[PDB]
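We've got the same protein chain twice here, in two forms, each standing alone as structure tokens: structure 1 and structure 2.
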Structure 1
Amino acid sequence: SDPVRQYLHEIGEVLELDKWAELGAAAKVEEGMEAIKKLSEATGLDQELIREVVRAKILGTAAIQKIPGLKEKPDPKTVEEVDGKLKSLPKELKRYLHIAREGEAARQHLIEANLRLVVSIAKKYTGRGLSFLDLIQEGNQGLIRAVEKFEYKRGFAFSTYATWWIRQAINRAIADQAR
């Protein structure tokens, strides 16, 4: 059945989260990136290289793995070996590996929750040259930029912040033919 109809279904079943819950996921995400920085400083690997591999594992068991607009699945081989240079670390270092993961699983739950918030926003930009799908792909990347640039360390809502990014990402994408 039309792949897009499939996706709309899959995110329909996703449970929306409350205010603090989304900030509880952001604070966990940065604590996970504080832990990558360390796993980096040890193993010697590029921070991002570690991120994508950890995300690789977590994404392993997510309800939604194929998200439109997102470059999923790093080299399965590259993951194979990065697992090694990791899961063979000191007693003390294995700890920052669980935190790395919890901050990445958090990032996924924080993304999954706001996929519908994205379908809705995109529903208001149709008939402007870009198909529904193309909008979802620009929105999602707008959602990605949002989860990343967010400061959990302040009493602001994620749903509100995120909206902006999803917004001007979509209307930047329909401004990339026109203005």
Structure 2
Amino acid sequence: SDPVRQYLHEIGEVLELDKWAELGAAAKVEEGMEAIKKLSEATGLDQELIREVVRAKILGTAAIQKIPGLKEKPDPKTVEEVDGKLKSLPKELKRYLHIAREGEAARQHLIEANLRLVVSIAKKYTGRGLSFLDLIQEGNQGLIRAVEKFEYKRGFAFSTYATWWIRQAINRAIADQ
């Protein structure tokens, strides 16, 4: 069955987050992004490695594992590599791991909750330059840019801050190539 139904069926079973349930998760991401600064400047040098590892750990039980546009870098070996190089740390460094795994579980829920959003924006470009399954690989990519740059303390709403990067990722890809 065309993933036009395989995918769409998966996401059509995901629920939208309440206005404040979102803002709460989007904040939890920043807390699991400040705990990555701590779990990075201790185990040795910068963050992104840790972030992707925890992301894979959480991604193991995700309701939606196949996201078009995301460069899933499993590295079947690197897992136990950094997993062990973390689970064994001082008493205090275990609670920051707890914090990071949650802040990263939020980044996932937040993305899943806005998939059927990227699908309705993409649909507003049908019959044009690019096609359905194509646009989504771009919108979903903007969805990741927003969930990364987001900043509740600034005052913006996420539903909007998302649309303003989903559409932007499509109108910068409509340039083709």
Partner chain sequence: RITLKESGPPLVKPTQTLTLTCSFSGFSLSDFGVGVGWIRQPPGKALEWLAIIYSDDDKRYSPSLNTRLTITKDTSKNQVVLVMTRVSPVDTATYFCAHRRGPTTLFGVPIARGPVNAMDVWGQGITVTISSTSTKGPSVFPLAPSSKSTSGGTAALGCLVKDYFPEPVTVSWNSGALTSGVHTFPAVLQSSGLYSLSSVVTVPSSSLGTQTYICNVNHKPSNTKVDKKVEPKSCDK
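Residue numbering: sequential along structure 1, first residue numbered 1. We call the rigid core the largest set of C-alpha positions that still match within 1.5 Å between the two forms.
Participant: Eyeball the pair and call it: which is the form solved without the partner chain?
Facilitator: Structure 1, not 2.
Participant: Any chance you could measure the C-alpha shift of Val79 between the two structures with the core superposed, in Å?
Facilitator: A shift of 1.2 Å.
Participant: Please report, in Å, how much the Cα atom of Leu45 moves between the two structures when the rigid core is superposed.
Facilitator: Looking at the C-alpha of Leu45 between the two structures, the offset is 4.4 Å.
Participant: When the rigid core is overlaid, by how much has the CA of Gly155 moved between the two structures, in Å to one decimal?
Facilitator: Comparing the two forms, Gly155 shifts 3.4 Å at C-alpha.
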